[PDB]
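Read through the structure below, which is laid out as structure tokens, and then see the notes.
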Amino acid sequence: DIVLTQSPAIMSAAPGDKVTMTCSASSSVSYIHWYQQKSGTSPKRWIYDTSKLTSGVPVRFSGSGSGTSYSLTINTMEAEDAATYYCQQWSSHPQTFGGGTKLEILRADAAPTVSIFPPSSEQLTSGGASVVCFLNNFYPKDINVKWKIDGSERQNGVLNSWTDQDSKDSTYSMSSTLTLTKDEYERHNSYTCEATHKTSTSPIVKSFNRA
Amino acid sequence: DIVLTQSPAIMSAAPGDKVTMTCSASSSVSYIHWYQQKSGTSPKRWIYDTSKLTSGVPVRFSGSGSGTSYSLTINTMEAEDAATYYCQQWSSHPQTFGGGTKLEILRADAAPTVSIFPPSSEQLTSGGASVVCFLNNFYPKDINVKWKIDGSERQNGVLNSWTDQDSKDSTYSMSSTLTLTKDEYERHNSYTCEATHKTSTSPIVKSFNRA
Amino acid sequence: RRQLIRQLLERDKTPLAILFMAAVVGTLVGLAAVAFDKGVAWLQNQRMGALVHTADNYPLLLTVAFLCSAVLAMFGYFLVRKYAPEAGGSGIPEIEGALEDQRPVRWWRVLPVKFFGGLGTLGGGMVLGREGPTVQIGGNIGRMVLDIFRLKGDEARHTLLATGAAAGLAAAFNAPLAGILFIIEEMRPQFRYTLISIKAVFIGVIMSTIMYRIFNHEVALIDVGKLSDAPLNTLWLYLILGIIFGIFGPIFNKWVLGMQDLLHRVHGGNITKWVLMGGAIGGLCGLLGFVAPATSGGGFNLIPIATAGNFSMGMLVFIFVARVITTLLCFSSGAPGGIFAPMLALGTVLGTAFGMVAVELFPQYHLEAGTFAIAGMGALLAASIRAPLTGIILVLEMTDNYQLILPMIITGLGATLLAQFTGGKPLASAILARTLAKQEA
Amino acid sequence: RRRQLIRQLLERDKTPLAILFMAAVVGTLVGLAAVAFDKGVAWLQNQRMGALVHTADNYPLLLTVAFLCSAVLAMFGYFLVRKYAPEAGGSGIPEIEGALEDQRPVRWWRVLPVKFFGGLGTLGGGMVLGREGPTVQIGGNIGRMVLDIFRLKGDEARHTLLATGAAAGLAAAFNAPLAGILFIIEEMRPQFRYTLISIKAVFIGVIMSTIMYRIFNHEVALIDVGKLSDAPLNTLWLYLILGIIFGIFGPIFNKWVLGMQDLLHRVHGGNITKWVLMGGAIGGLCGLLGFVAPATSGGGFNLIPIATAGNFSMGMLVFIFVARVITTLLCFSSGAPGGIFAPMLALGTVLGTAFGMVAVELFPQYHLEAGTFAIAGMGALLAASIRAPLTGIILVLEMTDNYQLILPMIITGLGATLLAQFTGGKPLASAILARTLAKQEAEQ
Amino acid sequence: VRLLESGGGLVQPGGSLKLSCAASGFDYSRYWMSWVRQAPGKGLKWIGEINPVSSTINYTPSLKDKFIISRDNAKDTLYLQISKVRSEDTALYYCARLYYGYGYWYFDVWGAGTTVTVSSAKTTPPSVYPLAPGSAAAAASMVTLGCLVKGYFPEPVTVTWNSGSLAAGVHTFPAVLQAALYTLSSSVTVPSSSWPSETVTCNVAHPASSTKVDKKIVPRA
Amino acid sequence: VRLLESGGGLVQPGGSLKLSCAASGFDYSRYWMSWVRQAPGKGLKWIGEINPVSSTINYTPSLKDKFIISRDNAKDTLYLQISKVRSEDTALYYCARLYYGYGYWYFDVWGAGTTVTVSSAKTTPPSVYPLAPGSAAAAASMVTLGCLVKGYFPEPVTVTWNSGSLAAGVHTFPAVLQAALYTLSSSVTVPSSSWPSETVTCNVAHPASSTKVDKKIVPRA
Ligand SMILES: [Br-]
Ligand SMILES: [Br-]
């Protein structure tokens, strides 16, 4: 079974750039297909038979190659092209896919919008106490969240989770979740959430007090 | 619309007999169809386009006719030929069916096995009194029932109900129910049930006494 | 030049009498073809009924199958040898010559001899089609109305002869277009201009088809269903299949020719040894129409089963080899009946076989053998009798898979091409060449 | 003469390997050409409906650019014809029919660049003409070109390669291989004398061009109507009546296309300038109508699927018919490069549907679908004007793929041709040849 | 091929109901579908018809929106709506698949049927009463029993003896309507040695009112 | 055209589950159907195909009855039976309709996918908690609200705001796995004039346990 290997595993370019990704085959192949998988959706037949565009695919896309090397090219890339692009051959049975080229977008800076949230009254009537803190719409994705209970730093029990790059605005977003017990949470008063990001030298802080 | 009128409304013939039923039209028709409806089941396509037999129909069945007067024919009638036959045209819109022809198995005369019943003690515990009289298994279907209360004739509150021809002997049964109020029933004693049939010049009496 | 301007303005001007006499031929050809098709089915039914009444005892029914088919075969071979020797074999070559004015059309003889004779050979369950009978009977009927109404001319004689044989093939396959295309690809005088009016042929074909449909509507001769499509990167396979048909096409022509000769020795022209040998072949066919029914008969019943890929690889090989034998025997022996139909069944079997090979060699084309079956079905017709255009349209009208047209055309052409490059000759013309060269020697 | 027949019968169906191989390269080239032409015409129609967006706000200026785009492209079409190739006018089927009869020259060095770019213009402007005209003629010249370039000698080659070109041409114009062959062996061929045309060679040509067309036109049929209902035996007589109707109309449509040739010949008097200007005028009117009522303009392939489905009203159908008759006559009779073949299918669909509708309301007990009548009548106008039923019937059968309607189609087709004859009508393609050929004599 | 029609039953005069017909065994497209009703003890009458694409829907010479025939090919089901329902519409309703021979159409395959009852009367359970032979009856070869199912609405009731095991000599007479209530009687004739030495039970089901009763027949004292 | 595969979720190691893909909007015959899977974070592996008549079924290099791909043209449904399920079979499973251009086949229309989680854990419905801004909110132009979804197994859950009428300005964060349970939150951002003056509800759906929770975000008391 033919082993297709996709050249860049992850690549990053700014809208307007000409982008070429490559699908190379172990043996000889012909009329290979391409698929676009955007974050959280099913793959969509993008290019097929090496160079034909599926109905609805913008003419900025184009395909080429023969034998062992094949390439999907986006002439002037756009931000909405942020996906993972799988190639697939069926010139030799059984059909086989690529590893993927994860296209990422480079845009200008964007400062995070920090929002602090106290443990809901329902969760307190359950023994838990998860303090949530959203950092929304920032670029680049490099961010450093910091938790301070009564001014004193906390690092135990914190869980972080980032989204993928947004399909239209090209910004990342993060959620930080400090999980404690009911007693542990109530035996303090000041809860702060410190967000340090490229956009600012002095960390953006959001906090609440139980009293 | 065209009115189809099937000649014999009800007819009887013994197994092994040339059976001929007409279907006369009001105006002019062509290529009519015949349907066999047995007691309790869906009509089935039998003969179509004046004469063509449906897959399954025995060859004893046949059809013919033209213009205004058609006919279904059975050469050597069988036991499983007992049913109602519906001619139907659709040469002229709207399509119309015939009145139907009921083919019945003619047999040797039989005397009605009369059974008479006193109102149940459960029914009396409700102020009602139904005196039931079963006239089972006779031929032909033509019968007369007469109720006598204390020897005197009664015609009010009587309900007669005949079954269709039986599929194990081709006889007919009949039930006569006399409905009375508990009080009306209790001021009388003799309840007789006279069945008058073609088998005997003297009617089969069946009675009971409350005492 | 001025001749052509005179001609062009007079183009397509068939005399109404021809047109009306065309309509009468098709009607008569149709109804007769209907009656012929009813009789053969009737006689086949009786043979199955006799097998029911002696269903116990194996060697007893194997004998009554032989004897039923032997007796009926004998009746056919006799009716041909005794009253009309020209009505033996197909009849298509006989009518082709009749169009070239090189053969007579003795309808008073051929009509009843081919009708009742074919009834015998076909009804017994021999490997022969209805075309042979119907095509010939068709032309002869077209001659009858010429004679009876005393129609004068070359046109009237060629036209009414052609429409008859066309309407003949039409009602033999429920295929109007195939009949018309048969006349203008194979039947017509091949080397000079003829006065055959296409408009008149049509009218005759219509009538016989209408006559056939008035009795046989709602049931097709071959039901296959809608098969899959054939992608472009697959077309080369159909060229190869055509090439295999291209080399076998003439080799089968040799055998049918040579087996006509070898079977002529067994009787030497003797009406008695002929009848008794023809009954032996006919008997073999009815006997085989019980122990392996796909080796005997018209072969129309096995096509659906073949196309669906229900047979195995072995079962197909057997059916092919056995059907190579049984086809020769019955046709080569000069029994009344076409080779047209048995060649369809040979094409399907061989096609399915090739498709089965194809399916496993290339799992990436997502093949269905049944497509090669349909492309190969009329490929023999394209390589033996060498009428590809008639062959293609005949299959198209019976199988109804127009989406397989390129495969059908490529295979059919790839046959007729390699049939030309390996010496082969139009089998129905070669038989005419035999009958005419044996006449002037 | 018996002995010669025996010599001939043994030598039947033997086409020289040179001819077969050359028929292959003919088909290949005709296919590529008919693909290029078809793609070029579709691009010009695309640019034309691209400007109607830049001017979508100003309705008068919209109607202006709808006229001026089609005019300028028609003018360019009419011009290249009048200045460089008078033969490349009208259909071109009658011209290639004359070439097969050896009465007309096949000046390929002239027609190929004219009919191609000329047609491109007239069709690209959305005039009411088909591709048959251009592609069949261009096909015939491509066969002639490769006969001349390779210097092939003899009656067989010149007739065969000229016929296979025409065949490949029609076969690419409708994606109908069989129709191309049936067109040759019923209509294209010399109709009164024997000809050395190798039918086997015609095939190869037709195949290659069909293959070439299928390389670039995969997964889209020209006409997708989908499987229609069946036709019951007691319904047939209604198609015969439809035949008779087409049968009286076939010759009347021929008088109009012939008369309109004469009537428009006065307006320009055979002058290059008045012709090109009248030419742009007709063209512009089509581009105008190719917006305000597109059913009246364009080839005719687009309304066929609609009308069969019974999506037009009886009012609209009558309008489509009359306006299409007028626009078909104004485009073809004017001598623009382009066939009358395709618009004749569109006309027969409309008229067939109209009959079908009237048939449906009149006969509810038949359970009719006006679409079966639309199909039966589709190639019926070709069977009464052109007088090539077996071409028409198979042409339809290949595009609509409704074989179960084979009898109704034949019955209508034949009904068309019989009454076409009986009302003294003349094969439109022969009738045009016999007028151009007669004009070649009358001026001596 | 099976046609299963549902949606029948009891409706009030002036109301409306939607009869359905689900199909299995054939391509529901390509086929015209039709509704034919049969009035109790009367002839067959054509309601209407609908083609595969629903582009043709024809009804019998009848009122404006009296019948509304539609179809959904995706569920392979045929619908019929009756509006302003009157006592005429009380009938047995068959859906049918349409076809033809020469081209004069016929009703190819019929369905089981649904019974629409159009009456103001209220759904009422039956009363089950055992009918044992009198205290003077002469026990012969055969002994006739029975039970009375009186005062129910609407149809039907199903009577079975000893859970259907006693299938011979049974007579379930047709019900008769009176003052808006139905009444029927069933009779089982068993051998004289079979009863009363063996238990003969009459089973009555009236699904309309959720009634299920098994009344035993004991000899009269 | 739409392919809606289902029947997946939680199965015990070595067990067996049957996935069903229900098709609509296209003639389900004529079409070859296929199964393709995608293990979390990783790429695409073909499982197997089946032609319309079920006469050809090809699988990827597997074993015995590891995969059993079947179809029922009557129901327009594709099936995939996985047997002796190990941790590699933990993936998203796509039914894909197959087609071609020049002849080399592709995967034409892809379904949504069903998730199969091979594990010995228990099916747990999520706890949905509203995250409203603290009583000390400096409510400016836009106000950010969210809801916390914790304590569910397995994946996934589908958070929508106000039945999805609220699409723009929503972020749903990928689940984090802790102590064999998943936890995620979703944050919506609305105008300050749109809340609390108008109802803002988060709709959390966990198909595995068949639970749907509709939590209405109320401002803090
Ligand atoms: Br012969
Ligand atoms: Br012209």
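A note on labels: chains of the structure tokens are A, B, ... as shown, every chain counts residues from 1, and ligands are counted from 1 in their shown order.
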
_All strand (DSSP E or B) positions in segment 15-203 of chain A, as a PyMOL selection string_ = chain A and resi 19-29+33-37+44-45+47-48+52-53+61-74+84-89+96-97+101-105+110+113-117+128-139+143-149+152-154+158-162+172-181+190-197

*Could you list, as a PyMOL selection string, all the residues within 12 Å of ligand 1, counting only C-alpha atoms and all ligand atoms?*
chain C and resi 85-97+128+131-133+135-136+253+256-257+260+328+330-340+385+427-435

Keeping only C-alpha atoms, write the selected residues to a file as a short mmCIF file (atom, residue, chain, number, x, y, z; two decimals), in the first residue's frame.
```
data_model
loop_
_atom_site.label_atom_id
_atom_site.label_comp_id
_atom_site.auth_asym_id
_atom_site.auth_seq_id
_atom_site.Cartn_x
_atom_site.Cartn_y
_atom_site.Cartn_z
CA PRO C 85 -33.94 -27.34 -49.19
CA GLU C 86 -33.31 -23.57 -49.43
CA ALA C 87 -35.13 -23.01 -46.12
CA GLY C 88 -32.42 -24.97 -44.26
CA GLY C 89 -29.96 -23.20 -41.97
CA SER C 90 -30.41 -19.49 -41.28
CA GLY C 91 -32.21 -18.05 -44.31
CA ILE C 92 -30.48 -14.69 -43.91
CA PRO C 93 -27.90 -15.64 -46.60
CA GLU C 94 -30.73 -16.86 -48.82
CA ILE C 95 -32.58 -13.51 -48.62
CA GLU C 96 -29.38 -11.49 -49.13
CA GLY C 97 -28.96 -13.26 -52.47
CA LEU C 128 -31.11 -22.01 -32.85
CA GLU C 131 -34.35 -14.89 -36.66
CA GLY C 132 -33.47 -17.60 -39.18
CA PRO C 133 -37.15 -18.54 -39.45
CA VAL C 135 -36.14 -13.20 -41.27
CA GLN C 136 -36.59 -15.64 -44.16
CA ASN C 253 -16.45 -18.92 -38.81
CA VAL C 256 -19.31 -23.44 -38.72
CA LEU C 257 -18.18 -23.64 -42.37
CA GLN C 260 -21.27 -27.86 -42.45
CA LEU C 328 -22.25 -25.81 -34.56
CA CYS C 330 -27.53 -27.54 -34.87
CA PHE C 331 -26.72 -24.76 -37.32
CA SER C 332 -24.02 -26.51 -39.38
CA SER C 333 -26.36 -29.50 -39.83
CA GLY C 334 -28.68 -27.28 -41.88
CA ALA C 335 -31.59 -27.25 -39.42
CA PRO C 336 -34.05 -24.34 -39.89
CA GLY C 337 -33.06 -21.66 -37.36
CA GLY C 338 -30.79 -18.65 -36.89
CA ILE C 339 -27.25 -18.58 -35.51
CA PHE C 340 -27.88 -14.93 -34.60
CA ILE C 385 -21.40 -12.09 -39.32
CA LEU C 427 -20.27 -15.36 -42.23
CA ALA C 428 -23.60 -14.62 -43.93
CA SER C 429 -21.80 -13.48 -47.09
CA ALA C 430 -19.41 -16.46 -47.06
CA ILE C 431 -22.40 -18.83 -46.92
CA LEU C 432 -23.96 -16.94 -49.86
CA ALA C 433 -20.63 -17.23 -51.71
CA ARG C 434 -20.72 -20.98 -51.01
CA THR C 435 -24.33 -21.41 -52.25
#
```

Closest pair table for chain D residues within 9 Å of ligand 2, only C-alpha atoms and all ligand atoms, as JSON lines:
```
{"residue": "D:87", "atom": "CA", "partner": "ligand 2", "partner_atom_place_in_ligand_line": "1 (Br)", "distance": 8.8}
{"residue": "D:88", "atom": "CA", "partner": "ligand 2", "partner_atom_place_in_ligand_line": "1 (Br)", "distance": 8.6}
{"residue": "D:89", "atom": "CA", "partner": "ligand 2", "partner_atom_place_in_ligand_line": "1 (Br)", "distance": 6.4}
{"residue": "D:90", "atom": "CA", "partner": "ligand 2", "partner_atom_place_in_ligand_line": "1 (Br)", "distance": 3.9}
{"residue": "D:91", "atom": "CA", "partner": "ligand 2", "partner_atom_place_in_ligand_line": "1 (Br)", "distance": 4.1}
{"residue": "D:92", "atom": "CA", "partner": "ligand 2", "partner_atom_place_in_ligand_line": "1 (Br)", "distance": 5.2}
{"residue": "D:93", "atom": "CA", "partner": "ligand 2", "partner_atom_place_in_ligand_line": "1 (Br)", "distance": 6.5}
{"residue": "D:94", "atom": "CA", "partner": "ligand 2", "partner_atom_place_in_ligand_line": "1 (Br)", "distance": 5.7}
{"residue": "D:95", "atom": "CA", "partner": "ligand 2", "partner_atom_place_in_ligand_line": "1 (Br)", "distance": 7.1}
{"residue": "D:133", "atom": "CA", "partner": "ligand 2", "partner_atom_place_in_ligand_line": "1 (Br)", "distance": 8.0}
{"residue": "D:332", "atom": "CA", "partner": "ligand 2", "partner_atom_place_in_ligand_line": "1 (Br)", "distance": 7.6}
{"residue": "D:333", "atom": "CA", "partner": "ligand 2", "partner_atom_place_in_ligand_line": "1 (Br)", "distance": 8.0}
{"residue": "D:335", "atom": "CA", "partner": "ligand 2", "partner_atom_place_in_ligand_line": "1 (Br)", "distance": 7.4}
{"residue": "D:337", "atom": "CA", "partner": "ligand 2", "partner_atom_place_in_ligand_line": "1 (Br)", "distance": 8.7}
{"residue": "D:338", "atom": "CA", "partner": "ligand 2", "partner_atom_place_in_ligand_line": "1 (Br)", "distance": 8.4}
{"residue": "D:339", "atom": "CA", "partner": "ligand 2", "partner_atom_place_in_ligand_line": "1 (Br)", "distance": 7.6}
{"residue": "D:340", "atom": "CA", "partner": "ligand 2", "partner_atom_place_in_ligand_line": "1 (Br)", "distance": 8.3}
{"residue": "D:428", "atom": "CA", "partner": "ligand 2", "partner_atom_place_in_ligand_line": "1 (Br)", "distance": 8.8}
{"residue": "D:429", "atom": "CA", "partner": "ligand 2", "partner_atom_place_in_ligand_line": "1 (Br)", "distance": 7.0}
{"residue": "D:432", "atom": "CA", "partner": "ligand 2", "partner_atom_place_in_ligand_line": "1 (Br)", "distance": 6.1}
{"residue": "D:433", "atom": "CA", "partner": "ligand 2", "partner_atom_place_in_ligand_line": "1 (Br)", "distance": 7.8}
```

Can I get the selection written as a PDB file, in the first residue's frame, with C-alpha atoms?
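Written file, again_22.pdb:
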```pdb
ATOM      1  CA  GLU D  87     -19.335  28.644 -48.050  1.00  0.00           C
ATOM      2  CA  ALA D  88     -18.977  28.774 -44.241  1.00  0.00           C
ATOM      3  CA  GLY D  89     -22.444  30.332 -44.068  1.00  0.00           C
ATOM      4  CA  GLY D  90     -25.660  28.826 -42.728  1.00  0.00           C
ATOM      5  CA  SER D  91     -25.383  25.265 -41.446  1.00  0.00           C
ATOM      6  CA  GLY D  92     -22.687  23.780 -43.669  1.00  0.00           C
ATOM      7  CA  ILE D  93     -24.290  20.358 -43.763  1.00  0.00           C
ATOM      8  CA  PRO D  94     -25.571  21.103 -47.308  1.00  0.00           C
ATOM      9  CA  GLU D  95     -22.051  22.227 -48.269  1.00  0.00           C
ATOM     10  CA  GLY D 133     -23.475  23.563 -38.397  1.00  0.00           C
ATOM     11  CA  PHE D 332     -30.300  30.692 -39.930  1.00  0.00           C
ATOM     12  CA  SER D 333     -31.864  32.236 -43.052  1.00  0.00           C
ATOM     13  CA  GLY D 335     -26.546  33.174 -43.370  1.00  0.00           C
ATOM     14  CA  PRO D 337     -22.361  30.476 -39.260  1.00  0.00           C
ATOM     15  CA  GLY D 338     -24.372  27.874 -37.291  1.00  0.00           C
ATOM     16  CA  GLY D 339     -26.728  24.900 -37.558  1.00  0.00           C
ATOM     17  CA  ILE D 340     -30.528  24.875 -37.521  1.00  0.00           C
ATOM     18  CA  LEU D 428     -34.219  20.955 -46.070  1.00  0.00           C
ATOM     19  CA  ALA D 429     -30.527  20.069 -46.513  1.00  0.00           C
ATOM     20  CA  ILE D 432     -30.473  24.198 -49.803  1.00  0.00           C
ATOM     21  CA  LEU D 433     -27.811  22.359 -51.839  1.00  0.00           C
TER      22      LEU D 433
END
```

*Superposing chain A on chain B by least squares with every Cα paired in order, what RMSD results?*
2.1 Å

*Just the residues within 10 Å of residue 25 of chain C, please, counting only C-alpha atoms, with nothing from its chain fewer than 4 positions along; format it as a ChimeraX atom specification.*
/C:20-21,29-31,138-146,160-161,163-165,167-168,201,203-205,207-208

*Name all residues at most 12 Å from residue 86 of chain E (count only C-alpha atoms; drop same-chain ones fewer than 6 positions away) and give them as a ChimeraX atom specification.*
/E:10-17,66,116-120

*Would you give me, as a ChimeraX atom specification, the residues in segment 45-123 of chain D that DSSP reads as alpha helix (DSSP H)?*
/D:45-54,59-84,93-100,108-123

List every residue of chain E that has an atom at most 7 Å from any atom of chain B, and for each one report the closest atom pair and its distance in Å to one decimal, counting only C-alpha atoms, with rows sorted by chain and then by increasing residue number, as a tab-separated table.
```
residue	atom	partner	partner_atom	distance
E:43	CA	B:99	CA	5.3
E:44	CA	B:97	CA	6.0
E:45	CA	B:97	CA	6.9
E:60	CA	B:94	CA	6.8
E:101	CA	B:49	CA	6.7
E:104	CA	B:91	CA	5.7
E:105	CA	B:90	CA	6.0
E:106	CA	B:33	CA	6.8
E:108	CA	B:45	CA	6.3
E:109	CA	B:44	CA	6.9
E:110	CA	B:42	CA	6.4
E:111	CA	B:42	CA	6.4
E:112	CA	B:42	CA	5.5
E:129	CA	B:120	CA	6.2
E:130	CA	B:120	CA	6.2
E:131	CA	B:117	CA	6.1
E:132	CA	B:117	CA	6.7
E:133	CA	B:117	CA	5.9
E:134	CA	B:117	CA	6.3
E:136	CA	B:208	CA	7.0
E:144	CA	B:115	CA	6.8
E:173	CA	B:163	CA	5.5
E:174	CA	B:161	CA	6.4
```

*Which residues, written as JSON, numbers by chain, have at least one atom at most 12 Å from segment 209-214 of chain C, with only C-alpha atoms counted and residues fewer than 4 positions away on the same chain left out?*
{"C": [23, 24, 25, 26, 27, 28, 29, 30, 31, 32, 33, 34, 35, 36, 37, 38, 166, 167, 168, 169, 170, 171, 172, 173, 174, 175, 176, 177, 178, 179, 180, 202, 203, 204, 205, 218, 219, 220, 221], "D": [231, 232, 233, 234, 236, 237, 406, 407, 408, 410, 411], "E": [101, 102, 103]}

_Neighbour list for segment 18-35 of chain F as number ranges by chain, cut-off 6 Å, only C-alpha atoms, skip fewer than 6 positions in-chain_ = F: 1-8, 47-52, 76-81, 94-98

With C-alpha atoms retained, could you export that selection as a CSV table (one decimal), in the first residue's frame?
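That gives us selection23.csv:
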```csv
chain,number,residue,atom,x,y,z
F,1,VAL,CA,-27.5,15.0,0.1
F,2,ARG,CA,-26.7,14.1,3.8
F,3,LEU,CA,-25.1,11.2,5.6
F,4,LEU,CA,-25.9,10.9,9.3
F,5,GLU,CA,-23.9,8.1,10.9
F,6,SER,CA,-24.7,7.0,14.5
F,7,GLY,CA,-24.7,4.1,17.0
F,8,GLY,CA,-21.2,4.8,18.4
F,47,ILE,CA,-11.7,0.8,6.6
F,48,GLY,CA,-13.8,-0.8,3.8
F,49,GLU,CA,-16.1,-0.3,0.8
F,50,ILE,CA,-19.3,-2.0,-0.4
F,51,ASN,CA,-20.9,-1.8,-3.9
F,52,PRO,CA,-24.7,-1.3,-4.4
F,76,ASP,CA,-30.9,3.6,2.7
F,77,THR,CA,-28.4,2.6,5.4
F,78,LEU,CA,-24.7,1.6,5.7
F,79,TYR,CA,-23.4,-0.6,8.5
F,80,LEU,CA,-20.1,-1.3,10.2
F,81,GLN,CA,-19.7,-4.0,12.8
F,94,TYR,CA,-17.1,8.5,8.7
F,95,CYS,CA,-19.4,6.9,6.2
F,96,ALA,CA,-18.4,8.3,2.8
F,97,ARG,CA,-20.2,8.1,-0.5
F,98,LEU,CA,-17.8,7.1,-3.3
```

_Shell of 12 Å around residue 267 of chain C, only C-alpha atoms, local chain residues under 3 positions omitted, as a PyMOL selection string_ = chain C and resi 81+260-264+270-278+333-334

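Between atom CA of residue 366 of chain D and atom CA of residue 305 of chain D there is a distance of 23.0 Å.
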